[PDB]
Amino acid sequence: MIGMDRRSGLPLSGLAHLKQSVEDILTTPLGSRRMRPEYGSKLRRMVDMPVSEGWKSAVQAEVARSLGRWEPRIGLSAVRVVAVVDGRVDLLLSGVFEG
Amino acid sequence: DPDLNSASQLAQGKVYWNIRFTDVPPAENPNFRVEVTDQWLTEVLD
């Protein structure tokens with residue numbers, strides 16, 4: 001599939017089109033799109049929730065949900081919480097490459 | 001008492017016993033020291 005780049009308008013198909021779709025999904029909220037209230041992620045609503053073992057069960061679900069809905073060309077490998085520094089939660093998201 | 005029970009003290013009838021003990025002191029100041037440690041902050045990883 002051939003799409004356009006977000007900045008600079010360039011037609012890129014494989015590498016950055018798969019990256020500009022996933023990295024947008026993690027920070028786009030629900031209801032921000034016009035007439036599409038189910039596109040986006042609950043990750044903007046996961047801010048200031050307490051970091052529990054049931055919270056990681058939700059983020060690994062919402063990564064698998066919001067990318068499983070609207071990005072079928074990405075196979076998710078692992079969403080591991082690797083560091084809690086100063087309230088900042090480091091979640092490693094290693095994704096496979098297709099095409 | 002191995003010291004005060006001498007040969008001459010026992011020859012007068014004096015015989016000594018030591019009863020050392022500790023009483024139970026009333027806990028007039030129970031101190032609590034609360035500390036927010038980040039030691040278990042690395043426990044949220046899985």
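Table for the structure above
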{"item": "Among A:80, A:45, A:65, residue whose mean-square fluctuation peaks in a GNM of chain A (springs only between Cα atoms under 10 Å)", "result": "A:45"}
{"item": "Nearest-ten-degree value, helix A:15-25 long axis tilted from longest Cα axis of chain A", "result": "40"}
{"item": "Chain A: C-alpha gyration tensor shape, a/c 1.5 cut-off, then a/b vs b/c", "result": "prolate"}
{"item": "Order of A:28, B:37 under a 10 Å beta carbon neighbour criterion, fewest first", "result": "B:37, A:28"}
{"item": "Relative exposure of B:24, A:84, B:15, judged by other C-beta atoms within 10 Å (fewest first)", "result": "B:24, B:15, A:84"}
{"item": "Value of relative contact order over chain A, rounded to a whole percent, pairs C-alpha under 8 Å and six or more apart", "result": "18"}
{"item": "For chain B, the spread of Cα positions along each principal axis, largest first, Å", "result": "79, 27, 12"}
{"item": "Tilt relative to chain A, helix A:53-70 - C-alpha long axis, 0 to 90 degrees, to 10", "result": "10"}
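Here, each number is a calculation from the coordinates, and none is a lab measurement. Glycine gets a Cβ as well: all are built from the backbone with ideal geometry, and neighbour counts include every protein chain shown.
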